[PDB]
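Trainee: First the structure, which I've put down as structure tokens, then a few questions once you've had a look.
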RNA sequence: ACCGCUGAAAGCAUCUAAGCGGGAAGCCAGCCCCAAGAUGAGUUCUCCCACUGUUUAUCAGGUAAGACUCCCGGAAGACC
RNA sequence: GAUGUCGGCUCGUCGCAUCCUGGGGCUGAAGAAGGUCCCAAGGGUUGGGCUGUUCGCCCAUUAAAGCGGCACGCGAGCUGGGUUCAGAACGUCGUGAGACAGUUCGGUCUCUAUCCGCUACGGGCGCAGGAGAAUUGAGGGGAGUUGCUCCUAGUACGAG
RNA sequence: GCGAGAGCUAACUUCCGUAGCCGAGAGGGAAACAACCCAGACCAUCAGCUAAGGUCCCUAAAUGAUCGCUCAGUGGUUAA
Ligand SMILES: [Mg+2]
Ligand SMILES: [Mg+2]
Ligand SMILES: [Mg+2]
Ligand SMILES: [Mg+2]
Ligand SMILES: [Mg+2]
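Protein chains in written order, with PDB author numbering: chain 4, 1 to 37; chain B, 1 to 205; chain E, 5 to 175; chain G, 30 to 171.
What follows is the structure in structure tokens.
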């Protein structure tokens, strides 16, 4: 859980799927996890 | 669920093995069944039981009829016990068993008007370093200009005691039916010669 | 895009009203769907037709299609999930229809299946979750995989029969 | 000079909440309760009809039933005496959901308060015939 | 929060846009206490029973069932 | 034509940007111990020595010894140690009377609550006859903390 | 409000210029509300038209008509 108020691409593996009113991420590497709340 | 009416008799010292037990002697006398309450007639399921015998002369016509409709013979006390049915007329035999955890409820000995110290625990004040407010007197009842009010529910002096108190999970130590007696480990609320209500543990552990 | 729906042998589809009830040999399934989205037989096989071609309908199109494609598969082929137990002394038995697992927890884990799903154990380190409804089968085998998820150090716990597990290693 | 009063007329009305969106059903009730077509038409006193409501339980609500629609009853001195139910959470007392929308659209005076006495809400259909021994003329919303 | 199931848009993938399950000392219920001035004043059982009094006295007066007042007290209580 | 002012005490309640407990995600997460972020305000958050102290430093503990609001919460509730009256002394300044960036010893804190609000207790009338009892619970309030030890098991994990 | 200085291109700040209103201005509107919007009350009426604002119900008057957009309760707290 690394809450970065700006969820942008880092590598060619990142996936931006819209959920419960937020900008989330479901990347391959476990460290790469980004959320806005 | 299961329940009985009785009279707190007193407290004594008993031994079970080598351990001394503080016991509360209770007379859970015969309780005639006076009214059965059903969802069909009363809208809920319960039983009206009765406790101390009353001289026929002392009983009024409205109570005479109500007792006569069940062929009981005037009691003096009448209490309801919800979700309780068993037929006949309620005694402690097989109602209670040695070892059962019970919930004895009474009416606390009333202590009239009592200060915030005795009643709420408070702290009062210094006995010496210059008072006026020596021991009991509460502090500050509120804040300043904001809640121009004093909080509702504020802990203050009032009538202490003479209240309903249910003491949970009391152990059943001895039972002498026919002697119509039941020994309970610990202390039951209310004074000797007062009404107690022994019920099966409200939510047993 | 999604359009063809193969309906083999003893199929009894009755897409009448909002109750798109699909009966068959393995058991009779019932599944509700959208009314504004058209569905019936226009040949030998099956097809779901969408009126609006904007955005809201295109999502519901591929949804309704695949859902009856899964209910049809269910009434003839059926469904079976194959789970594998991994780790020292990790073993599963059976207590009726109930799955009794022993997975490094002080008190053994019991799971009771819902009305329509069945548990099976060939070797006691392999669990088979077979049922009629792919959702319910997914939702159940899901709970068994949850009893002990494969840890990121020794892959210990419940995994799918052919599942791949990446490993970290600390010491 | 304008027309005076007649009261010896209490009109009972049956309204069905089924599928009707709350606010929109509320408006109709609140209006028949005060005076829409109005008997003598005067505001000085209570001229409105009596409104019986059925199927209170089946009333409709848009984007939020479980979400946002929150009843906010805030109890005696606020020693955190701030109690709040959701609208889905009014699976407890549905007869209140209509009531609080209707009283909400009614005057708040002495007379206004005497107006809720004319609104009788019930959650069922064929059975609510309780307060239905007098007349019971049925009025559909729109 | 978070973890999943079935799953399109986006022939794949995705816990989500349809729907679904799990998940906190928190929320609602459960425990103890108050509670129908809940003027929306609720329910049940039992009792008494349908007196009498002029267009002068417009509803008062004997009464029932029942209670109160007074006395003697009280592990009730400032008074009540 | 006056809205008493630091600190103590007393009494509370509220926010969460959470100190402890509770649930999670990531970890440079083997385990044990942690770091960090997310959700979370239900309860809980110790006693002393120094100083008027708030603070802070220290002793000894702890699950923890949270941060802030409420007229820097609370003197018609208490204190009066700090500060800001009159006395007196020191250092400094002024020729002086005096003064202070100071320091020091001393120094009157006003029996009766009207309204609202709050705790307790009655009297009245209502609740479509007059009565004696037994009640359902709309609603409301109270409560809500946590250690250590054992078992599982010297097991999983670790070369240990 | 506009044009400037001072100020942090802060203040319901200060100080000039300029226009209006309040001061000394009632009436409608803006929930409430000197100033903003409309509008300047000689008195009477249980007559009529409008302005700013409005037309679900509280609350006067279209739950108007047409083509659209937004499903967040956005509308009904600001930014990189
Ligand atoms: Mg003391
Ligand atoms: Mg759950
Ligand atoms: Mg001051
Ligand atoms: Mg004061
Ligand atoms: Mg900017």
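The C-beta atom is built at its ideal place from N, Cα and C for all residues, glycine as well.
Rounded to whole angstroms, how far is the Cβ of residue 270 (chain B) from the Cβ of residue 104 (chain B), which I believe are closer than 8 Å?
Mentor: Given a span of 1 to 205 for chain B in the structure shown, any question on residue 270 (chain B) remains unanswerable.
Trainee: Identify, in the order they occur along the chain, each residue of the same chain with its Cβ nearer than 7 Å to the Cβ of residue 2 (chain 4), setting aside the five sequence neighbours on each side.
Mentor: Cβ within range, chain order: 33 and 34.
Trainee: Kindly say whether residue 151 (chain B), judged by its beta-carbon, lies nearer than 7 Å to any beta-carbon of chain G.
Mentor: At least one chain G Cβ lies under 7 Å of residue 151 (chain B).
Trainee: Cβ atoms of residue 96 (chain E) and residue 128 (chain E): under 7 Å apart, would you say?
Mentor: Closer than 7 Å, so yes.
Trainee: Between 29 (chain B), 18 (chain B) and 13 (chain B), which lies nearest to residue 197 (chain B) when the distance is taken from Cα to Cα?
Mentor: For the residues 29 (chain B), 18 (chain B) and 13 (chain B), the minimum Cα distance to residue 197 (chain B) belongs to 29 (chain B).
Trainee: Where the beta carbon is closer than 6 Å to any heavy atom of ligand 1, which residues qualify, in chain order?
Mentor: Those residues are 124 (chain B) and 135 (chain B), given in chain order.
Trainee: Consider the Cβ of residue 105 (chain G): report whether some Cβ of chain B lies at a distance smaller than 7 Å.
Mentor: Judged by the 7 Å Cβ criterion, residue 105 (chain G) is in contact with chain B.
Trainee: Strictly below 8 Å CB to CB, what residues from chain B border residue 108 (chain G)?
Mentor: Correct list: 151, 152 and 153.
Trainee: Tell me residue 14 (chain B)'s beta-bridge partners as DSSP assigns them.
Mentor: 21 (chain B), per the DSSP bridge assignment.
Trainee: Assign residue 189 (chain B) to one of two classes, buried (16 or more other C-beta atoms within 10 Å of its C-beta) or exposed (fewer than that).
Mentor: Burial call: buried.
Trainee: Can the beta-carbon of residue 21 (chain B) be found less than 7 Å from the beta-carbon of residue 173 (chain B)?
Mentor: Yes; because the gap between Cβ atoms is below 7 Å, this pair is in contact.
Trainee: Below 8 Å, how does it come out for the region 80-95 of chain E and the region 156-168 of chain E: are there three or more Cβ pairs, yes or no?
Mentor: Taking 8 Å as the limit for Cβ pairs, the verdict is that the region 156-168 of chain E does touch the region 80-95 of chain E.
Trainee: Heavy atom of ligand 7 less than 6 Å from the Cβ of residue 182 (chain B), yes or no?
Mentor: Ligand 7 is not part of this structure, which contains only ligand 1, ligand 2, ligand 3, ligand 4 and ligand 5.
Trainee: As a quick exercise: from 62 (chain G), 85 (chain G), 147 (chain G) and 110 (chain G), pick the residue whose alpha carbon is nearest that of residue 157 (chain G).
Mentor: The candidate whose alpha carbon is nearest that of residue 157 (chain G) is 85 (chain G).
Trainee: Figure out for me which residue from 88 (chain G), 121 (chain G) and 113 (chain G) has the closest Cα to the Cα of residue 100 (chain G).
Mentor: Taking only the C-alpha atoms, the option nearest residue 100 (chain G) is 113 (chain G).
Trainee: Where do the N-terminal and C-terminal ends of the beta strand (DSSP E) with residue 18 (chain E) fall, by residue?
Mentor: Run containing residue 18 (chain E): 16-18, per the beta strand (DSSP E) assignment.
Trainee: So, does the region 119-129 of chain B touch the region 67-87 of chain B, judging by three or more C-beta pairs under 8 Å?
Mentor: Output reads no: the region 67-87 of chain B does not touch the region 119-129 of chain B.
Trainee: If you draw a straight line from the C-alpha of residue 104 (chain G) to the C-alpha of residue 19 (chain E), how long is it?
Mentor: Using only the alpha carbons, I get a separation of about 53 Å.
Trainee: Residue 111 (chain E): buried (16+ other C-beta within 10 angstroms of its C-beta) or exposed?
Mentor: Exposed.
Trainee: Taking DSSP's pairing of strands, which residues face residue 79 (chain G) in a bridge?
Mentor: 41 (chain G).
Trainee: Return the residue from the list 123 (chain G), 111 (chain G) and 54 (chain G) that minimises the CA-CA distance to residue 43 (chain G).
Mentor: Among 123 (chain G), 111 (chain G) and 54 (chain G), the Cα nearest to that of residue 43 (chain G) is on 54 (chain G).
Trainee: Based on Cα-Cα distance, which residue from 38 (chain E), 148 (chain E), 82 (chain E) and 84 (chain E) lies nearest to residue 66 (chain E)?
Mentor: Out of 38 (chain E), 148 (chain E), 82 (chain E) and 84 (chain E), 38 (chain E) has the C-alpha closest to the C-alpha of residue 66 (chain E).
Trainee: When the Cα of residue 79 (chain B) is compared with those of 69 (chain B), 90 (chain B) and 202 (chain B), which residue comes out closest?
Mentor: Here the closest residue by C-alpha is 90 (chain B).
Trainee: Do you know whose CA, among 2 (chain B), 27 (chain B) and 16 (chain B), lies nearest residue 176 (chain B)'s CA?
Mentor: The shortest C-alpha separation from residue 176 (chain B) is found at 27 (chain B).
Trainee: On the criterion of 16 or more Cβ atoms from any shown chain inside 10 Å, does residue 152 (chain E) qualify as buried, or is it exposed?
Mentor: It is buried - the Cβ of residue 152 (chain E) has at least 16 other Cβ atoms within 10 Å.
Trainee: Name the residue from 124 (chain E), 126 (chain E), 120 (chain E) and 99 (chain E) whose alpha carbon lies nearest to the alpha carbon of residue 113 (chain E).
Mentor: Cα-wise, what sits closest to residue 113 (chain E) is 99 (chain E).
Trainee: Any chance you could list the alpha helix (DSSP H) runs of at least 4 consecutive residues sitting entirely within the region 18-89 of chain E, in chain order?
Mentor: Counting whole runs of 4 or more residues, the region 18-89 of chain E contains the alpha helix (DSSP H) stretches 60-80.
Trainee: Could you name each continuous beta strand (DSSP E) segment of 3 residues or more that falls completely within the region 61-115 of chain G, going from the start of the chain to the end?
Mentor: The qualifying runs are 79-83.
Trainee: Which of the three DSSP states is assigned to residue 54 (chain G) in this structure?
Mentor: Residue 54 (chain G) falls in the helix class under three-state DSSP.
Trainee: Figure out for me which residue from 124 (chain E), 28 (chain E), 40 (chain E) and 33 (chain E) has the closest Cα to the Cα of residue 21 (chain E).
Mentor: Of 124 (chain E), 28 (chain E), 40 (chain E) and 33 (chain E), the residue nearest in Cα terms is 40 (chain E).
Trainee: Measure from the alpha carbon of residue 10 (chain B) to the alpha carbon of each residue in 203 (chain B), 182 (chain B) and 200 (chain B), then state which is nearest.
Mentor: It is 182 (chain B).
Trainee: Residues in the same chain with beta-carbon distance under 6 Å from residue 46 (chain B), minus the five sequence neighbours each way, listed in chain order, please.
Mentor: 37, 80 and 82.
Trainee: State buried or exposed for residue 165 (chain B), treating a residue as buried only when at least 16 other CB atoms are found within 10 Å of its CB.
Mentor: Counting Cβ neighbours within 10 Å, residue 165 (chain B) comes out exposed, since fewer than 16 surround it.
Trainee: With residue 51 (chain G) and residue 90 (chain G) assumed to form a contact (beta carbons below 8 Å), what rounded beta-carbon distance in angstroms separates them?
Mentor: Right, the Cβ-Cβ distance comes to about 6 Å (below 8 Å), so this counts as a contact.
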